[PDB]
Structure formats: structure tokens, C-alpha cells
Amino acid sequence: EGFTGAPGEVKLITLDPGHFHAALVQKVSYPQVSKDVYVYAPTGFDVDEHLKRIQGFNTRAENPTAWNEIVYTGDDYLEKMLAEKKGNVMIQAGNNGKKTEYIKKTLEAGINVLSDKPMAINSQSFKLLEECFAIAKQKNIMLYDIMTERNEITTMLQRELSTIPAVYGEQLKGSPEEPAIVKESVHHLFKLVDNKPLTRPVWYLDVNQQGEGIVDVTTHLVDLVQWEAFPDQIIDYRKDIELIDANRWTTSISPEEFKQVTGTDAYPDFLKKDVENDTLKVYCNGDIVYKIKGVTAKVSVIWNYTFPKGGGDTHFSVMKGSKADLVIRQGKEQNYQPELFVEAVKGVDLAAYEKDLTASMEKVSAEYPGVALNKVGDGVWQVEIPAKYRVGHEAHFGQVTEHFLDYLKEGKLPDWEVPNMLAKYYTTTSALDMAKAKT
Numbered sequence: 027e028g029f030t031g032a033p034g035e036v037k038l039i040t041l042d043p044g045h046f047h048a049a050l051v052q053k054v055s056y057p058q059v060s061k062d063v064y065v066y067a068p069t070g071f072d073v074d075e076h077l078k079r080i081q082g083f084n085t086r087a088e089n090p091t092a093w094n095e096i097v098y099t100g101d102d103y104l105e106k107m108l109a110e111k112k113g114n115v116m117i118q119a120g121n122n123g124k125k126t127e128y129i130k131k132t133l134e135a136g137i138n139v140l141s142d143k144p145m146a147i148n149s150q151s152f153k154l155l156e157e158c159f160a161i162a163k164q165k166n167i168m169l170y171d172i173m174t175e176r177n178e179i180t181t182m183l184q185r186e187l188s189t190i191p192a193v194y195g196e197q198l199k200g201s202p203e204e205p206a207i208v209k210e211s212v213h214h215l216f217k218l219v220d221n222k223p224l225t226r227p228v229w230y231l232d233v234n235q236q237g238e239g240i241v242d243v244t245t246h247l248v249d250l251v252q253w254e255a256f257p258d259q260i261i262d263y264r265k266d267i268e269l270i271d272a273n274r275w276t277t278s279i280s281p282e283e284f285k286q287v288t289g290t291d292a293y294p295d296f297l298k299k300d301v302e303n304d305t306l307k308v309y310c311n312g313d314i315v316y317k318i319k320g321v322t323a324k325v326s327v328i329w330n331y332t333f334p335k336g337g338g339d340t341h342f343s344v345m346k347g348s349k350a351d352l353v354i355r356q357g358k359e360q361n362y363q364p365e366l367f368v369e370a371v372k373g374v375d376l377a378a379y380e381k382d383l384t385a386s387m388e389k390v391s392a393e394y395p396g397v398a399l400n401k402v403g404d405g406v407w408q409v410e411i412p413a414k415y416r417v418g419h420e421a422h423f424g425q426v427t428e429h430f431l432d433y434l435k436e437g438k439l440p441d442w443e444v445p446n447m448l449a450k451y452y453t454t455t456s457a458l459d460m461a462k463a464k465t
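For the sequence shown, the positions run 27 to 465 when the authors' numbering is used.
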């Protein structure tokens, strides 16, 4: 029998967990999900940390979970998982170098897969990921990744506003010299949480295992340009995507910084290829210029070590319409919380535009109650968003998991999802190759 929503029908396998997201899936007790969870992993730090997180969920004060982690650790963890076939949904979040092979073998065994991004970190693994999707289709099982930023409020409003001709106009195509869509993020490797250091696995800084910067967080950004700017349109990566330019570059890490962010002493043996004069050089930065259905998009990701106090992760984006630019700012000015702006194009009838604007916002307020506009300069309006919509990352992640558990029932994702995941990963892995051909 398939999935129907019946309680305990979904049986989780956690395979070689090495990131918080492996546990975040189990942050809440979905009735569909059986309390018995099967873990297979090599012995070591990564699985121990995963198990701690689960037990924290089980012992917390508000609505504790009741997960029963049936654990197997050993060199033959994958071999044992496949042999025992004790679950019907596999959760993959951790080592990205190993991920795609794990995914393929799991799908062959008739086991559905929810994987964190990125499901492929190069062209070789992209080819393997295409086979994975073919196997999933052949076996009527699902392969899905976790695009959290679709659920973030400014993103949702950007998508909504861009589909209103009175507000946005038509989507401009732009050009390599001036892209019509631009997304730039600055993230940080080391951050504090309640005055307690946030640690990363040693292999996070090995681009062979984590993936390069240009294939990792860019996944989110590439997905956003598809999802916001071409809502529900099927992207054929063979026809619709042309890469224009790509770059990759390094962030230097000192031995002390390495110690602090990982806990390990500088440096593990497998990282020495990337060390120079006691200085670790990680290719965790990159950008991509590409055309998607004639529209030039630019995405960029920088990973710095840490931010000065009163600092944080930044983000800036533009999507240019024939009537207006929709702009996200997320800097010091905005207290590192994303804010959305509508900016009319120069030359337009600004009086008549403002009336179309207010007429359109009635429709938008229906969709998102409380959401209004504030003129903050002539031809520039900020989209006032109630605090209640700032639900945060974990809530965004939970929405994806719920979406996945729903779509298990039907057995099939909506039309655009698989081809667009492939178009996304085609974009990122192709950029890595282009970026590497300049060297």
C-alpha cells in the first residue's frame, strides 16, 4: 500500500547525518512519522552530534518529541541499511561528496528520499543525479530537496508582486553587462548562539566533501530566480539555460580560526592540499552569470569567517520589471532582517503609478493581511510586513518537510519540481566547470 496520511506510516532512516538539518526534520512530531527511527552511520563526531540533537528534542520543556533512535554504527553502515530496509523515507544531510551515491542506492532499494541541498556538487555528480530522478520515476518514489527560502516572507511577496503587471510590468531580460535579476549573499562560517560557539565538522572546509561555494548556497539563489521570476514554469535545462560567466575564490582561515570554528587542531590531514603558509584557503566563494529563458541573472555567495559585533549575514537583490524594480535590502540599516522595496523605473507617470499601486495592494493585503506600503522617497515604497510573518528558518524548514510528507500521499510532486531541480543543479555544476576553466 502507498501513503494515505495514516499515523506512523512514514518510517525514517537517517543516513550518515553530518548537519543540523538531519535532526531538524525531527524537530516536531508529525503524526505520519513513526516514532521508531533507523540511524546508520560511521562511528564518530557527526552521528554523536546528531543523536544529541534528537535527545534534546525528546527532553525539552514544551511539546517534547518521543523519538526512538535505533542506531547502527560501523564501517558497513550503508551496506547494513540497504540490507535491512527498515524504513521507507531516507533523510540525507551532511557530507555532500558522498551524498549523490547514497541517494542513488537508496532509490534503487525503493526508498523515498528527502535530501538537504546540494544534491550534486559537480558535473559528474549531476549526471548521477539525473539517473536518481530516472530511478525515482521508474519506481514511483520521490526524490526531493529542501528549498527553505521559498517560505520566507519577503521572497513570497517578491514573487507575488512580480506577477502583478500594474506593479511590476513585464520581466526585463537585461544583459551580461547589466543583469535583470541579481542576488548577492554574504554568510559567515563562525557565529555565536547564546554565547556558545556554533561548531562545524572538519570536512565542511574541504570543498571536495562540502562542495565549493559556487555550488552550495547558490542552490538557494538559483532556485529563487526560477521560483520568483518564472512561477510554476517548467525550465528545460537543455534549452533554457546558457551560462555566461562564473568565478570562484577563496577565504583564508588562520590556524586559530580553524580551531575555533571546528574544535579540531589545525589542520586535519585531508585539508593539507588547501593549506599554504599555515593558512587554509577554502573555495567557499563564487558567483554565476547566466541566461534563463533569455533573462540574464546573476547570483553570488561570499563566506567570511565572522562578522564584527553589531553585524551579521547580508543580502541584496534586484529583479527588474518594465515598470519597477523589486529590491531586497538586508544590511546594517535593516538590522540584518530582509526588507522589500518597490522602486519605479525613471521616466514613468509617478502619479498614475501610485494609484495602480494602491489598487494592487488591496489584492496583496487579501493574500497577506497586515501588509501595506510606505512611501520612503519619491518612486520608492517599502513593503511594510507585520512581525508575525517573521517565522524564522526552522519554521521555513518545517513547512518544506510538511510539504514533502503531503506529497508522499499522492506519490507525485507537481509538474515543475523535478525538471526545475535539475535545471537548478545544471546551472550550479556547469558554473563550477566554467569557473575552473579560467584558472
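Ideal Cβ positions, reconstructed from N, Cα and C, are used throughout, including at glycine.
Taking the CB atoms as reference points, tell me whether residue i and residue j lie closer together than 7 Å.
i	j	result
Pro-205	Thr-340	no
residue 511	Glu-95	One cannot answer for residue 511 here, as it falls past the ends of the chain, which runs 27 to 465.
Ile-267	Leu-306	no
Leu-269	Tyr-316	yes
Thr-99	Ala-48	no
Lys-37	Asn-114	yes
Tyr-331	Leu-231	no
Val-233	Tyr-309	yes
residue 6	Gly-338	Shown here, the chain extends from 27 to 465; a query on residue 6 therefore has no answer.
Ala-449	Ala-272	no
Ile-207	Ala-135	no
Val-241	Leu-458	yes
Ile-167	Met-116	no
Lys-209	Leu-247	yes
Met-387	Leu-399	yes
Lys-435	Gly-31	yes
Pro-294	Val-228	yes
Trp-442	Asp-300	no
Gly-44	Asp-74	no
Which whole-angstrom value is the C-beta distance of residue i and residue j, which I expect to be below 8 Å?
i	j	result
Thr-181	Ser-151	No, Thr-181 and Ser-151 are not in contact; Cβ-Cβ is about 27 Å, not under 8 Å.
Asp-142	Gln-118	7 Å
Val-353	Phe-367	4 Å
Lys-349	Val-193	7 Å
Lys-130	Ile-161	7 Å
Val-402	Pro-412	So it is not a contact: roughly 17 Å between Cβ atoms.
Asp-313	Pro-281	The Cβ separation is near 28 Å, so there is no contact.
residue 483	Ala-292	Look at the range of the chain in this structure, 27 to 465, and you will see that residue 483 is not part of it.
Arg-226	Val-287	6 Å
In terms of alpha-carbon separation, which member of the options lies closest to residue i?
i	options	result
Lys-153	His-246, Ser-456, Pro-223	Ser-456
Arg-274	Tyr-230, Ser-326, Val-228	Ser-326
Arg-176	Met-460, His-422, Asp-432, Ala-461	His-422
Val-59	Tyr-451, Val-344, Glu-428, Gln-197	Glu-428
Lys-414	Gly-424, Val-402, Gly-403, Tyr-394	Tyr-394
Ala-370	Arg-355, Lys-335, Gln-408	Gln-408
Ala-146	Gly-239, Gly-82, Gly-195, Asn-84	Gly-239
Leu-50	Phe-83, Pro-33, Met-173	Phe-83
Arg-264	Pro-445, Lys-298, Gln-356, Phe-342	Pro-445
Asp-171	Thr-40, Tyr-452, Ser-343, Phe-430	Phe-430
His-213	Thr-132, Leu-247, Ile-328, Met-173	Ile-328
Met-173	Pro-440, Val-243, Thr-85, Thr-69	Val-243
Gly-237	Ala-463, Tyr-451, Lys-464	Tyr-451
Per DSSP, which one or two residues make a beta bridge with residue i?
i	result
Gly-347	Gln-197
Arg-274	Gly-312
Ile-318	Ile-267, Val-321
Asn-400	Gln-408
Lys-307	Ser-278
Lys-78	Paired residue(s): none; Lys-78 is not in a bridge.
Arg-86	BP columns for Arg-86 are empty, so no partner.
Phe-367	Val-353, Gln-408
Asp-101	Bridge partners of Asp-101: none, in fact.
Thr-340	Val-212
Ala-67	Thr-99
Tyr-170	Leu-140
According to DSSP, is residue i part of a helix, a strand, or is it coil?
i	result
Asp-291	coil
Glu-186	helix
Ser-391	helix
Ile-39	strand
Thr-126	helix
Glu-203	coil
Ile-240	helix
residue 467	Any question about residue 467 goes unanswered here, given that the chain covers just 27 to 465.
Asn-138	strand
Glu-178	coil
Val-219	coil
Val-327	strand
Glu-210	strand
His-246	helix
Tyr-433	helix
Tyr-362	coil
Got a sec: does the ligand ADP put a non-hydrogen atom nearer than 6 Å to the Cβ of residue i?
i	result
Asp-295	As far as ligands go, the structure on display features none, and thus does not contain the ligand ADP.
When you compare the CB of residue i with every CB in chain C, is at least one pair closer than 7 Å?
i	result
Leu-155	Annotation note: the requested chain C is absent from the structure, which comprises a single protein chain.
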